Protein chains: 2
Amino acid sequence: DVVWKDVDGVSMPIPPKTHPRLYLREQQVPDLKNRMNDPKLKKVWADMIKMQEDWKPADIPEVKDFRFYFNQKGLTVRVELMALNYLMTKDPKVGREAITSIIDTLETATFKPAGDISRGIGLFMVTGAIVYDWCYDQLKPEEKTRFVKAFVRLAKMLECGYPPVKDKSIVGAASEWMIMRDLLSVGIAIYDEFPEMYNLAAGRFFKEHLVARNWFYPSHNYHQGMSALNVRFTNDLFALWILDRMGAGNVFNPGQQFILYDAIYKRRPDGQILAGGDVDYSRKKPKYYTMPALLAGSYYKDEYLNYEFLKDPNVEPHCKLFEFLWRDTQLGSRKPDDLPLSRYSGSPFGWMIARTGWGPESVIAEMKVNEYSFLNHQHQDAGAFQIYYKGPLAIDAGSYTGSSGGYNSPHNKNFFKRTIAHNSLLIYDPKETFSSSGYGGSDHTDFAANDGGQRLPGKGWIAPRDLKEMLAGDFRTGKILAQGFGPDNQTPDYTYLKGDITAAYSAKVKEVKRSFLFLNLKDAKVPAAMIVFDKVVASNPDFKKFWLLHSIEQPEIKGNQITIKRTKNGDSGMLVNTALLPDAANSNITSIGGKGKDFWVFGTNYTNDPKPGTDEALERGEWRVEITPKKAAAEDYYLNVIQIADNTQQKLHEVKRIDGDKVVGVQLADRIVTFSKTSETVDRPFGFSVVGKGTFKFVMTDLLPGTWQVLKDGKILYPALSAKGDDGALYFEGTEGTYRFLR
Amino acid sequence: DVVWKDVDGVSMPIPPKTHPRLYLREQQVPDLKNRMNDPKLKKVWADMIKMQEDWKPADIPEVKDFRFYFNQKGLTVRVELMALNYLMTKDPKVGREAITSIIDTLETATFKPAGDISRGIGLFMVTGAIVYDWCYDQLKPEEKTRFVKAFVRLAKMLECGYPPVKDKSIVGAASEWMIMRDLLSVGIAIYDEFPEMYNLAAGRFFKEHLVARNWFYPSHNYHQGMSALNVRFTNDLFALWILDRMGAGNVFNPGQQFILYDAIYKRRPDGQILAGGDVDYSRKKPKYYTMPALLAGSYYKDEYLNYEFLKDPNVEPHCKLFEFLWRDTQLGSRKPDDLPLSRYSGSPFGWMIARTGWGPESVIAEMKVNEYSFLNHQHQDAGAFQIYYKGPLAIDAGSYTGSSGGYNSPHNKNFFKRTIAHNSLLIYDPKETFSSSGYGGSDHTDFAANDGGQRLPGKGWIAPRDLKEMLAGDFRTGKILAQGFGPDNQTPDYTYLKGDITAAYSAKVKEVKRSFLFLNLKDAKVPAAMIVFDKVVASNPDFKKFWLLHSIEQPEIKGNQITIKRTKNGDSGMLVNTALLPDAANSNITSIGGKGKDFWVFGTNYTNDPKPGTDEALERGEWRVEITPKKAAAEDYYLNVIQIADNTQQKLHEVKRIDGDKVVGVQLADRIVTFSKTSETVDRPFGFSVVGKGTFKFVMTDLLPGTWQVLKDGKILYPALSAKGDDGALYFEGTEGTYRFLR
Ligand SMILES: CC(=O)N[C@@H]1[C@@H](O)[C@H](O[C@@H]2O[C@H](C(=O)O)[C@@H](O[C@H]3O[C@H](CO)[C@@H](O[C@@H]4OC(C(=O)O)=C[C@H](O)[C@H]4O)[C@H](O)[C@H]3NC(C)=O)[C@H](O)[C@H]2O)[C@@H](CO)O[C@H]1O
Ligand SMILES: CC(=O)N[C@@H]1[C@@H](O)[C@H](O[C@@H]2O[C@H](C(=O)O)[C@@H](O[C@H]3O[C@H](CO)[C@@H](O[C@@H]4OC(C(=O)O)=C[C@H](O)[C@H]4O)[C@H](O)[C@H]3NC(C)=O)[C@H](O)[C@H]2O)[C@@H](CO)O[C@H]1O
Ligand SMILES: [Zn+2]
Ligand SMILES: [Zn+2]
């Protein structure tokens, strides 16, 4: 491998004194002949031969944005294949044709302003880098200088600038192609003649990008939502491949392999993915993570991810070369069916995804804390839950695009990215301000709507530059208190998550806690249920509290019982919530929605109608239920029990609130769940009563870790059970009677 | 109940303006008639009638120490029964007889200096308290003043002094009868006429005693060894009963109920208890915790503890009255047989006791970290292990008393209470001092022997006054890193404990870690095994490292195998330890022992031969094995595998050391166990190979909590398993092959 040296205060690999070193080294060159003859890889080579053809004037848009370049055609493809051919034959004149065909265009290329033009520019730099490195020994001394100058000229055009001192290192445009693929690629190629570019680009990557990613990688997830995952993660994977193939091995935390597992857990039976962050909706074509699946699966030799890639093994034209260079065509492939039904993502996330299966009958439930906010495409949705069953039931509302506009739309700023769009909690301080001066790249606004929701972190709702700035700022939004699933790893009866999300809100609250308990009921009539226990303490009793439940179609409210159904688009799922706390005498349950109220925010509706032929299921939503206390008080508690079944189901389980000693709980089906009445650690004896036939499965939470003793009807049932630290919980089986717990 | 009021800066209950309030209130008085007619409580009443008889001159010792008074006879018993009779009949002249019979003696009683005389003095005060309170309405005004004065005179004689400002509040004489029973009792009785005594005595209890006990109670154990448990804990239980019966409810952490469970777990099949702290040995009569079992069992209505009491329901004479007053004769009783085979005691202890059963064939293994030292009767034994099977095998060596002397003996100071007496670790710094100027009440010595062991905390090896001083001192000796047992709670295949005990030693070390893994092999030929993995980093490579294994009889050393047998006193157990690390080329294994070397400490043997007719089995020990590296180095590791079986078992389990990627481990029987090679958190992929037939049970420790993936032979075995925070472990079954773990 390469030598690692301290450059500008950081340990970094130095590009080896050898060519090629871009995307491969000498030793992989002889294998190109074999990859060429590989059946699997010859469609992709044929594709590249076809890309050599120039655009047809009748198809060339007037605005050539990133899509025009990413759909790479013509000269740049031709020179790349000459460079490749020179690699494989070393015929001097082939290397000459490559160099002479690209040099002049590289020097003079101009790019009219347009959507993400830096992507087109950067791709043009990559073509130059490929030739420079692959045909290096054919370069004349003057040609070397000309390339360098051209490379600098182009780099100055990028959003990150050159030096690359602009934008952000965890999110934003600089967390995409420009540094991790483009600048890096060129830096490596021209290092021997002009080391500055590498020193600067890789310097920022190693100092900032790598540090931030290695920080959250261990919890196997990403923070930009289910769409931005593609572009953002794809680029992490480019840096991974580029530096590895350069000879620096793997520079990322190996946990990087399992990040995409999240996308797998979130796949619906209808080809789409569970919502999260900036996303739009469609029902016309399945959603794919092709490139990340290719790069991650082929590097880490992961069959689950390769299965993901193989669903649609069709890369964007500009990435075809990298599939040809890097794809592992001998790697096996695995359906997700044998994967455990729940997966936990820890700090700084605190996320649980829980399923009842892997097919068309599976319930898919998401529960989130959010210890930190990464902003950009992430939403202020700490504490949010989302449930899908034969259709989206408890939904993550709003849409990224629509009639309102794009990223900068009032809809994004005032609803979509805000708490009120999610199944979370609102405490309304009428005098609270929400500074948004830093949000977006244009059409800025000083303040966003007051939604009674969570803070906008950063300098006017704008992401920090790096982890350094992030940790020193106000981006902490929560603290994971407890978590766990069991008793079986494979098919857990329950999935538990608790967070303190006080830090997500302003000083308008003193304490905001949420405990999720999802139940896999192992039952046909009623496959699943979710229990949500909330403690909210406002600094002013007069700050109105809201508990939100979003849906597509209009909910039915009958007393304490809310029914949500899917009846469209082939969806037939149903959701029924029993409101337990506050009690009947202190509970107001209302629904807001329909046209003019689908995106309602204390006065104003932030209209965002679907663009033509998009979101045919209206998953952006139209309705929400609001539960609010009748009486103004500082401290309040929410207790809600959601059941999930087919919409034709008439008889669900009856729910009982359990009132015991120091505990409040729920009993439905054959399950019992308890929480501390004040949602604090129970460090003293407590107890409650159970009435009902058969055997029940108990989950007791909020318990001081250590040895507990369980008595029933005055007699010892379990002489000693252990509550553990990660969940602070007890699980056991038992029948009806009066229970006592000793600690 | 009573009113709680804040006296001298603490919240504390005020004695009610009513009599009686000592040991009972009006409402329990009518029940005394029933208790009198209770069959179970008649023998105890008859006993008390017999105690009324005075000593016979031919039996009165010339030194009347605490035993002379605790074996209470004569006048004081008579007046107590007259007070009791007055309670039950309210015949004015009975109350008068009680008062007039005791008043003189109380005023003039003198006590010649002798062993723990404060115990006799305090008992005399209790008799006065009983009369004063129970016969209060018969007291003349001048008699009240006389009592008060007499009570003060007597209280000034106590070791704690009066005011009770002397000695210690977590250990020592002041953690016995004098405050928690005696001063407290008198204070309550005379509160209306002289509240100072209660204010002062209860003051210290509530400010100091209670705070310290409530601090460690939650982990259900005690810190003074298996003998001092009686007197020390009994007195905690007196304060419990006295304040409760006064009307203040339970002032202790309810965790108090389960402390004695420890004694139950440590009971051998021969009637004795596993060693720990200051203890002596006998094989003539079973060991009992009668009084603690009585008070704790009857107060908390615990059948397990009542069973303990009923084994020998024979209370010391001076405690007969309290059995009559407080014993629950209707309470049920339980053998320990249904109790889980392992029990964990957390902070500030970090102790695991693990068994294979509850009868004559049970192995009993103890594993200790020690996060703090309480001194007094506790030993400097952080990291120590002890194993019993059909006899004491890996022993806790030395003896409390013997030819050397008592508490102050050179044997106690230089061996018994020191690391070298235990199965732990030594790092010999030849220039280290061990200050002992504060140890003991007499015959003080400035310095104790250098045993290469653990520090002597406190001001010259003397306990702190209270928790306040303790936490601010140098009494921290360890940190629990991980713990756990499973997979089944009832009959765990493994019991795991890991601690960093660096703080137990001086700066002569940088790092000292010990991981215990006990295996219940569920096997007739070889019931159990213990694996011990040690990391030791010295500040000077030249500081000789020792790994200790103590035994009664002479060990056999054959290469890397050490065999220890019991062949005496009906004991037939055997221990075989396979030394894995250091390896053969860096391992020295020697034994020291026999006469002149049984208590050997780098130059000197601290002889302590048994007193006549004591320790028939010589459990004080005679031998130890020392394992030391051949080469001087700063960092060293010990890996030792102990198997346990009958001394007739000829063939044991073959032991294999597992050398893998980032991990070291053990394979024996059907068990696989691994540790981080540096005993650090493994946060990267790791692997190793397993060769052998059949299914194996795996326990991988030192892992980063999160989702792990297990492959073998290059294929997915387990797609996702969860290592939890408390144990940092993975557990699963598998057959032979090449294993790889991903995180
Ligand atoms: C740090 C920070 O907050 N930065 C903000 C920028 O993020 C933001 O820039 C806008 O970012 C969006 C974006 O979604 O990333 C750009 O949208 C364009 O690129 C995306 C992703 O490639 C396109 O989206 C998708 O289309 C498809 C598809 O057609 O199949 C696949 C993906 O799943 C889907 O998400 C999107 O169509 C592009 N839109 C264009 C070209 O108009 C914006 O271009 C970009 O401006 C700025 C905005 O002001 O604010 C920063 O603060
Ligand atoms: C804070 C501190 O460190 N204080 C030190 C004192 O603890 C210490 O005082 C000595 O403490 C011992 C002790 O063991 O507690 C006293 O021993 C006497 O009392 C104990 C308990 O009642 C007797 O022990 C029991 O004997 C029997 C039995 O008779 O069947 C069974 C029990 O299992 C066993 O524990 C012990 O026998 C008593 N002594 C005698 C001679 O009979 C000492 O009297 C007491 O001095 C002092 C010592 O200098 O040092 C302080 O620093
Ligand atoms: Zn959202
Ligand atoms: Zn000891």
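Under the definition of Cα pairs under 8 Å and six or more residues apart, what whole-number percent is the relative contact order of segment A:648-743?
Worked out over segment A:648-743, it gives 27 percent.
Which of A:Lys156, A:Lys565, B:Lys662 has the fewest other C-beta atoms within 10 Å, and how do the rest follow up to the most?
Neighbour counts put them in this order, fewest first: A:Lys156, B:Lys662, A:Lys565.
Can you pull the semi-axes for segment B:577-634, root of five times each eigenvalue of the Cα gyration tensor, sorted largest first, whole Å?
31, 14, 7
Of A:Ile562, A:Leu305, B:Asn569, which is farthest on the positive side of the dipole of the protein assembly as shown, counting Cα position, with +1 on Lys and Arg Cβ, -1 on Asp and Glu Cβ, and the Cα centre as origin?
B:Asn569
In nm, one decimal, shortest first: how far is the label point of A:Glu107 (7 Å from Cα along Cα to beta carbon) from the matching points in the other copies?
12.5
Normalised by the residues of chain B, what does the relative contact order come to in percent, with Cα pairs under 8 Å and at least six apart?
Worked out over chain B, it gives 9 percent.
Would you mind computing the Rg to Rh ratio of segment A:327-465 from its alpha-carbon coordinates, Kirkwood style for Rh?
A ratio of 1.06.
Per residue, how much space in cubic angstrom lies within the convex hull of the C-alpha atoms of the protein assembly as shown?
Taking the convex hull of the Cα positions in the protein assembly as shown, it is 199 Å³ per residue.
Distance in nm between label sites at A:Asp713 and A:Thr433, each 7 Å beyond Cα in the beta-carbon direction?
Placing both labels 7 Å beyond Cα along the Cβ direction yields 6.6 nm.
By count of other Cβ within 10 Å, fewest leading, how are B:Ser11, B:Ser219, A:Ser175, B:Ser403 ordered?
B:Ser11, B:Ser403, B:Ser219, A:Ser175
With a point put 7 Å past each Cα toward its Cβ, work out how far B:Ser347 is from B:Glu142 in nm, to one decimal.
Here the modelled spin labels are 6.1 nm apart.
How long is the gain from A:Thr678 to A:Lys149 if the chain were fully straight, where each residue apart is worth 0.36 nm and the alpha carbon distance is subtracted?
This chain segment gains 183.7 nm when fully extended.
If I take all pairs of Cα atoms in segment B:617-723, what percentage of them are more than 21 Å from each other?
Within segment B:617-723, distances greater than 21 Å cover 52 percent of Cα pairs.
Check each of the chymotrypsin sites (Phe, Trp or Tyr not before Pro) in segment B:531-628 and keep only those in coil by DSSP with at most 14 other C-beta atoms within 10 angstrom; list them in order.
B:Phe602
I need the calculated FRET efficiency for the pair A:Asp192 and B:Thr604, taking r as the beta carbon distance and R₀ as 60 Å, to the nearest 0.05.
Step by step, r from the Cβ atoms, then E = 0.25.
Under 10 Å from the Cβ of B:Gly734, count the other residues' Cβ atoms, weight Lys and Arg +1, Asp and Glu -1, and hand me the total.
Residues near B:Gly734 contribute 0 overall.
Using only the alpha-carbon atoms of segment B:1-149 as identical scatterers, what base-10 log of I(q)/I(0) does the Debye formula give at q = 0.09, 0.10, 0.14, 0.16 Å⁻¹?
Debye output, listed in q order: -0.35, -0.43, -0.82, -1.03.
Give me the one-decimal nm value for the distance between modelled label points at A:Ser442 and A:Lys525, 7 Å along each residue's Cα-to-Cβ direction.
5.9
In chain B, once you exclude exposed GluC sites (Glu not before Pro) (DSSP loop, at most 10 other Cβ within 10 angstrom), what's the longest stretch remaining?
The longest such stretch corresponds to B:63-653.
For A:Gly297, what charge total do you get from the other residues with a beta carbon under 11 Å from its beta carbon, if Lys and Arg give +1 and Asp and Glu give -1?
-1
May I ask you to list the residues of segment B:625-642 whose amide nitrogen lies under 17 Å from a point 7 Å from Cα along the Cα→beta-carbon direction of B:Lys510?
B:632-638
For segment A:1-327, what is the largest minus smallest coordinate of the Cα atoms on each principal axis, given in angstrom and ordered from greatest to least?
57, 51, 42
Taking only the C-alpha atoms, wrap a convex hull around segment B:386-465 and report its volume per residue in Å³ as a whole number.
Here the figure is 111 Å³ per residue.
Shortest first and in nm with one decimal, please list how far the A:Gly725 label point sits from its counterparts in the other copies (point 7 Å along Cα→Cβ).
0.7
Using the eigenvalues of the Cα gyration tensor, what equivalent ellipsoid semi-axes result for chain B when each is taken as the square root of five times the eigenvalue, whole Å, largest first?
The three semi-axes for chain B are 51, 27, 24 Å.
Please identify which residues in segment A:717-743 have an amide N closer than 14 Å to a label point set 7 Å out from the Cα of A:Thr695, following the Cα→Cβ vector.
A:732-736
Pairs of alpha-carbon atoms within less than 8 angstrom and 6+ residues apart define the contacts here; what relative contact order does segment A:1-327 have, in percent?
Relative contact order of segment A:1-327: 19 percent.
Give the residue list of trypsin sites (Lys or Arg not before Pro) in segment B:13-119 that are DSSP loop and have at most 11 other beta-carbon atoms within 10 angstrom.
Loop-located and lightly packed - B:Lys17.
Counting pairwise Cα distances across segment B:328-647, what percent come out greater than 31 angstrom?
Value for segment B:328-647: 30 percent of Cα pairs lie more than 31 Å apart.
For B:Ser373, what is the net charge nearby, where nearby means another residue's Cβ is under 11 Å from its Cβ and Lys, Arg count +1, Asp, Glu -1?
0
Which of A:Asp713, A:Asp661, B:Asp571, B:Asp726 has the fewest other C-beta atoms within 10 Å, and how do the rest follow up to the most?
Ordered from fewest to most neighbouring Cβ atoms within 10 Å, A:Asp713, A:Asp661, B:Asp571, B:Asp726 come out as A:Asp713, A:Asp661, B:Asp726, B:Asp571.
Coordinate-derived values only; no laboratory data. So basically every Cβ, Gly included, is an ideal-geometry build from the backbone, and we count neighbours across all protein chains shown.
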